[PDB]
Amino acid sequence: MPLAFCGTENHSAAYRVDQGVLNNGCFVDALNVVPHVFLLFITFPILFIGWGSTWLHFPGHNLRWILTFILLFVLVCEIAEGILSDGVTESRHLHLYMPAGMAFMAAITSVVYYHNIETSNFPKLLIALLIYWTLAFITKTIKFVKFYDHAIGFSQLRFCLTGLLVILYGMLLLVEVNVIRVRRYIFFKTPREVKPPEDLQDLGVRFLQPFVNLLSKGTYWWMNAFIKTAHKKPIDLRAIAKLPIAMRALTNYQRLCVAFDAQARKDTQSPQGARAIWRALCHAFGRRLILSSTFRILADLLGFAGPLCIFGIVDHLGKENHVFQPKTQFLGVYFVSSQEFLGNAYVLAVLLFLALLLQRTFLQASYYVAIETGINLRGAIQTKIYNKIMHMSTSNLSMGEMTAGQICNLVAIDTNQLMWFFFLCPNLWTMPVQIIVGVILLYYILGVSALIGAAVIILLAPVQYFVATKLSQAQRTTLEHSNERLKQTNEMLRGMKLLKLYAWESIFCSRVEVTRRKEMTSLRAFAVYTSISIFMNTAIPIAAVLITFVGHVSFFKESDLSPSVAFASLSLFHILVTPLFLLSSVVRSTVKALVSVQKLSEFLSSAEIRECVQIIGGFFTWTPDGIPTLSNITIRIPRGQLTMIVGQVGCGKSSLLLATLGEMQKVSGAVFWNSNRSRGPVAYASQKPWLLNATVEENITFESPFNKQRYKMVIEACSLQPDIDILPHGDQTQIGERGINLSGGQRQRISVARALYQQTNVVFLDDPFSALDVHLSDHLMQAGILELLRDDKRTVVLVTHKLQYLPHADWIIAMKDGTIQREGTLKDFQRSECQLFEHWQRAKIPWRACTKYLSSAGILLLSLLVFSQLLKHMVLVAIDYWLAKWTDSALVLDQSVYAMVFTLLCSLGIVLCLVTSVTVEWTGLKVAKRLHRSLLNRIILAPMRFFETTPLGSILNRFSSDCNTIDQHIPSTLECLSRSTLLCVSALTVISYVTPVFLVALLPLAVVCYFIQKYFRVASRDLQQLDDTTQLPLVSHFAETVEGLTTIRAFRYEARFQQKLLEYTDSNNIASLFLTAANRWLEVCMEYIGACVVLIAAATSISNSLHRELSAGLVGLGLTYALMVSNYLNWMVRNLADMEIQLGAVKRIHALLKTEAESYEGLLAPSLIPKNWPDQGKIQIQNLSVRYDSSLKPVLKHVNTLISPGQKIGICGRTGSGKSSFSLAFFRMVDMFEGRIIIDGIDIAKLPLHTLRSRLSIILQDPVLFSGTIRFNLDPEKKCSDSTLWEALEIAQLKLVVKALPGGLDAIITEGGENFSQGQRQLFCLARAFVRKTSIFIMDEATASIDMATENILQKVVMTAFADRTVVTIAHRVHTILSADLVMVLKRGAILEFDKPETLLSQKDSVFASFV
Ligand SMILES: Nc1ncnc2c1ncn2[C@@H]1O[C@H](COP(=O)(O)OP(=O)(O)OP(=O)(O)O)[C@@H](O)[C@H]1O
């Protein structure tokens, strides 16, 4: 019985060349052997030379690749037929499965060869490949025609398979000659030559997926070298790719505008938009969305080709493996019948493997195509929105502010949810087909009990739909309650010094905590209504299986257990269960999408703007019909001029200025225009100022080149170099909104500086000296503006009421009654009775997450949580093994015992799922509660120096957003991770128990999964942060656009901001595309790992059940867990990345709870120190030397100075050195590192800081009123009496507002007293000074106030001296601080001057020098 090469039967009678040379059936296989080893032996040196820049794919190569893939498929099928035929006979018959194997290796090498000949564009070297292709085409044609001459027919399998790969070689020979025809290299005198694409020619595009071969489009191979690059260096934005041509937002915008033009030509409906959006979106994006849907439909169909293989495997493995032989026997060769082919065991396993390996690639490809179309939708639709921002009128809208906030939220939420609709759009095409084919083949598998189970799953989607609706309602109510909570947090982070100064931390912490616990009750209801979603989500399959098997056994009594049917039914149940919960969310996303398209359509058909200086006819309005708001305007202003304008208060100044800008709907009239009919870049600066959220030099230069001379002149004229030094960066500080909070004169001067700077042939100033109330600054600015515009020789127009210069030396223009009266000389206004006014890197977080779970849960519930999760997964393992054992023991024939224990295990499963769903929400609720109370308590017990050190933005961000993350993001991610990784460990444990060879094949596979997980985590964290920090400047740009719109359209500088918008949108979309494609590459890699798990498990299970005779119920339970392992890895990796990103805002929350200082410590005997404390006023400071960080510069040194009782020593000094330091340390609010600080003769070094800040009143520089009730705005901690509050709020100031208030002492302080006064704040300060029996009152100077307000403050200080008589005031306004008793001038941080009489202060040198 030796090693025969062809066959040893009949004593080598197949080695007989008689009866023709070609009619020997083994000789034809030798002929088919020939071309493959010919290609191997001519293409091995080529490939080895190759293995020892620029890419261009050959024309028509995608169908080349797909024909190669399907010929690999049919060659694997012929390998299977060859194995079953050479395996049935007694001999070896090696001529049945050697030629197919060498053909498989030849096809693999000829596609590697095609890739290595696609890398180097040298087409004359695939002539050999074409000479390969005709030879095999000839040879298998011979084989097919010999089957036809031997009359096999379509009955046997190998005839059909042979004809199939004949037409394979024919079609790829036709592809080869199509390439020959196109590129014209071999026999043509002139070869066609193509160039690499411009996206390749950029070299600044790494994301080369739209221009790469089809295998890398399928498996994302180019991502690998990217993701492995990301482990050495992190992924910067410069490391990211450019926005290539097919994905450039301008190009997609052009395509979308072509769609708009095509739709608007065919329909042209003016009050439409919705149908217009429908036709435009469909015509513009169907060419990719339908392709994504097609791949998704094919992936769904090949997904449902999974349980059929389980059914065939378990049905043949249950039927004893009796036959194992083909019927047909032609010429001593056994031909496999196709039923016996598709009835084999190993063959069906390999077919299952290749079907899963194509299903679970087309699903991810469909995902990716949907994502790419969604990102191009986001790009083009945001670009269209910005284009209709670039023409939108403001006064044709009433609420132009509320609508610009609306349109920014519109852009963000609307465009994002339109993007999310085009993410989820193939689901509404496939999930119905998924469910329908699932119901159909589940009825084919099992029966009417499967229809009962399908009624369970079809009655588990409306429950999720209704639960998500109630959840969204609860989330709305929770967020609109937590908005008030966040407003309370903003009111608690703006006033740290004022609340610690007025001893108002405890009452405001309680007023925050009451709203927080109300929001916590609302969040508890939210957690219940989102726990019930998880409970229904995790108990619908258990009830489905229970009702299914209970129907088939108890209710049907039709057939046996049918384990092939059972495990196919279970796998069908999982494959049907997965889309079902997703579809309710899809329908919700569709509803949100329709609302979003309605919103953006009602936006898109809003009013546009419009289609030397001279205006003749004069009618101009805002409303597009009726009432011209500025008419009779006949004014001419040629170049070389400086027209001052004038008028009454609100007499049409900004209306005339905007009418000169061309931003008003001019009904009657003409606009002559001539630049030294098209419009020029008129410079403008509105009444309301505006600054881009950028640097101050960036808000000054305004996208223009930078010279030192004009910038120095603008910093000098507007007094900006002291303003630059007032900021810690100057020309680098983030000016305006989202940055350094400026002042109105400073912002007006910066806007005027950019207007003056912008080098224009005209300059419009719509009252710049209106808000800059610094008169000497305004006069120096006016003179420098006159000098600059005279030395620049450019036309100017200043429309204001500053009549100090307007009748003197201008070519003025006067607007009377909202119309132009006279634009001439000053003598005409001295002749129209108008001169009377003119003569007047970390990996993970494991410590912080452990600290969170430890300090949050408590082991009596953390143990219960882990135990309930483990018990639920053990119960699911138990129900699976009980189903397997019951289906096995019913086929081999206590059946009611099996059904009863199956029902009582499904009930325990449902109960444990309810328990885990309760436990997750309860753990998250207690976590958020105790973490919030810890953060609030640690934020109360803080010094004001920490609030000086760290900003409120960082504290508020890691407060609010991390509270949101630990309130609405951490419990769901924890539930998903704790179900996904535990289901994964359960399934792989079950696979290893059923197949004990699996763990041996698991360990290298798990190592590969761990390394892929590590590199994906490293890349995905950085791409997530790059997504967030790229989508932030885009809405920042939409804010700065909608805010200063008329300035941009005034400058005619729209195209540069259009390009800045397009650059911002491209930089956001490319990061979104990298995050999408990294997610999809992760899912593809883990899905091939799962397919190899399926292959090894199925192979070893069928091998040990053919021979070792396994309890084949366990084999089907193995395959249906290898499939659910296969998607448990997906959720495991995704939930691990989400838990990493969500736990990063809690590592920071714990880190900001780890900053505690300013401990209240009364170390004396507190029984007598704050009762004696009121009304003495005797705080004798004895050499108390101060420091703050105790680093480089103490201020107070050995200052042994006393304030006498009654002697209200207003002691002002140098405000840089000795004013504020003593005023801060007087209230024990600084580090007096030595000395002795007495307080009315008591020890202020051991006082209760609650009691110390209670019985020592103060005044402020920028005073503020804490929002609340009027009794809570006056004295919340005291609440003494109403008549005392009337006496305070009467005798200080504001009596005619307090008695005229709607509430009285019980009225709402409207968020700081937003329109009360600024002296009403000082009146409340005097109220708190008069109410708390406070003799002392530590005062600082007013920053900005009126002289009469300062005189009223002096009169109130006289009344405070008449009622309290103790005061210590420091004032950089030294000229009003002179009415005192004693004074101290503390220059350059020392105790330099002290004058206990006031006349010695006016007598001595330095104090009088401080008085001048
Ligand atoms: N962009 C706009 N949005 C809304 N209303 C506008 C707009 N432009 C002009 N109007 C209307 O024009 C009318 C005139 O306002 P007005 O002309 O007094 O500006 P102004 O005289 O420059 O104000 P001020 O005297 O404070 O500088 C007002 O009713 C105003 O609402």
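Criteria and thresholds
Residues numbered from 1 in each chain as written, not as in the entry; some residues may be left out. Heavy atoms only, no water. Residues with missing side-chain atoms left out of burial classes, pairs and counts. UniProt positions renumbered as here; feature names shortened; annotations may be inferred. Helix = DSSP H or I, 4+ residues; strand = E, 2+ residues; numbered from the N terminus. Pairing = 2+ DSSP bridges. Axes fitted to C-alpha atoms, helices over the stretch in contact; angles between N-to-C directions. Parallel < 35°, antiparallel > 145°, perpendicular 65-115°, else oblique. Left-handed = near helix turned anticlockwise from the far one by under 90°. Contact = heavy atoms within 4.5 Å. Nonpolar A, V, L, I, M, F, W, Y, C, P; charged D, E, K, R; others polar. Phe/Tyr/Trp six-rings, centres within 6.5 Å; stacked < 30°, edge-to-face > 60°. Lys NZ or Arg CZ within 6 Å of the ring centre and 35° of its normal. Domains from an automatic or database assignment.

- Under the annotation held in the PDB entry, the chain carries the name ATP-binding cassette sub-family C member 8 and is attributed to Cricetus cricetus.
- Looking at the PDB record, one finds the entry titled "Cryo-EM structure of the pancreatic beta-cell SUR1 bound to ATP only".
- Listed in UniProt under the heading Sequence similarities, the comment for the chain reads: "Belongs to the ABC transporter superfamily. ABCC family. Conjugate transporter (TC 3.A.1.208) subfamily."

**Some words on the UniProt feature "binding site: ATP" in the chain**
Then step 1. Cross-referencing UniProt, the feature "binding site: ATP" maps to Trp622, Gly650, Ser654, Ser655 and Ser1317 in the present numbering.
Then step 2. Of note, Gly650 is situated in the loop between β5 (642-647) and α22 (653-660).
Then step 3. Looking at where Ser655 falls in the secondary structure, it is placed in helix α22.

**Regarding the sheet that holds strand β10 (residues 819-822)**
Then step 1. Spatial ordering of the open sheet is given by β7-β8-β5-β9-β10, a layout of five strands whose pairing is mixed. Of all strands in the sheet, those with a lone pairing partner are β7 (762-766) and β10, marking the two edges. Averaged over all pairs of adjacent strands, the angle between their axes in this sheet comes to 25 degrees, without regard to strand direction.
Then step 2. For β5 and strand β8 (residues 795-799), the ladder comprises four bridges, and the chain directions are parallel. Across the sheet, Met644 pairs through a bridge with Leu798, a residue of β8.

**Brief notes about the sheet that holds strand β3 (residues 613-615)**
Then step 1. Across the sheet, three strands lie side by side as β4-β3-β6; this open sheet has antiparallel pairing. If you trace the sheet from one side to the other, it starts and ends with β4 (635-637) and β6 (671-672), each paired once.
Then step 2. Where β3 lies against β4, three bridges are found, and the strand directions are antiparallel. The residue of β4 that forms the bridge with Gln614 is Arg636.

**Overview of the packing of helix α31 (residues 859-891) against helix α32 (residues 895-940)**
Then step 1. At a closest axis distance of 9 Å, the pairing of α31 and α32 adopts a crossing angle of 165 degrees. What the angle tells us is that α31 and α32 run roughly antiparallel. Judged by the sense of rotation from one axis to the other, the crossing of α31 with α32 is left-handed. Along the contact surface, α31 presents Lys872, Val875, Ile879, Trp882, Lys885, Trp886 and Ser889, while α32 presents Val897, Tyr898, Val901, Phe902, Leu905, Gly909 and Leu912.
Then step 2. Classifying every residue of the contact of α31 with α32 by side-chain character gives 10 nonpolar, two polar and two charged.

**Quick word on unusual backbone geometry**
If a residue is not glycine, its phi is most likely negative; likewise, a peptide bond is most likely trans.
Then step 1. If you check the backbone angles, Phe324 has positive phi at about 55 degrees while not being a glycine.
Then step 2. Turning to its location among the elements, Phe324 is positioned in the loop between α11 (307-318) and β1 (328-330).
Then step 3. Positioned with a positive phi, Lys1279 is a non-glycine residue whose angle comes to about 50 degrees.
Then step 4. Within the secondary structure layout, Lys1279 lies in the loop between α43 (1270-1274) and α44 (1282-1291).

**Digging into the packing of aromatic side chains**
Then step 1. The interplanar angle of 25 degrees and the centroid separation of 6.0 Å between the aromatic rings of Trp65 and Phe69 together place this pair among those described as stacked. Taken as a pair, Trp65 and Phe69 lie in helix α2 (residues 62-88) at a separation of four residues, close to a single helical turn.
Then step 2. When the centroid spacing of 5.5 Å and the interplanar angle of 85 degrees are considered together, the rings of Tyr386 and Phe1038 count as edge-to-face.
Then step 3. Through successive ring pairs, a cluster of aromatic residues spans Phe702, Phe1051, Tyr1053 and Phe1057.
Then step 4. Its guanidinium or amino end placed over the ring of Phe260, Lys384 lies 3.2 Å from that ring's centre, counting from NZ or CZ.
Then step 5. Above the ring of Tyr757, the side-chain terminus of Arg710 is found at 5.7 Å from the ring centroid.

**Examining the domain arrangement of the chain**
Then step 1. Segmentation of the chain into domains returns domain 1 (27-196), domain 2 (223-304 + 345-459 + 538-603 + 849-1153) and domain 3 (1169-1409).
Then step 2. Once you take the C-alpha centre of each, domain 2 and domain 3 turn out to be 60 Å apart.

**With respect to the packing of helix α21 (residues 563-604) against helix α39 (residues 1113-1153)**
Then step 1. Close contact between α21 and α39 brings their axes to 9 Å; oriented N to C, the two are set at 15 degrees. Relative to α39, the element α21 is oriented roughly parallel. Judged by the sense of rotation from one axis to the other, the crossing of α21 with α39 is right-handed. Counting all contacts with α21, which are made through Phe567, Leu570, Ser571 and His574, the residues of α39 involved are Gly1113, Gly1116, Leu1117 and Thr1120.
Then step 2. Here the contact of α21 with α39 is built from residues that sort into three nonpolar, five polar and no charged.

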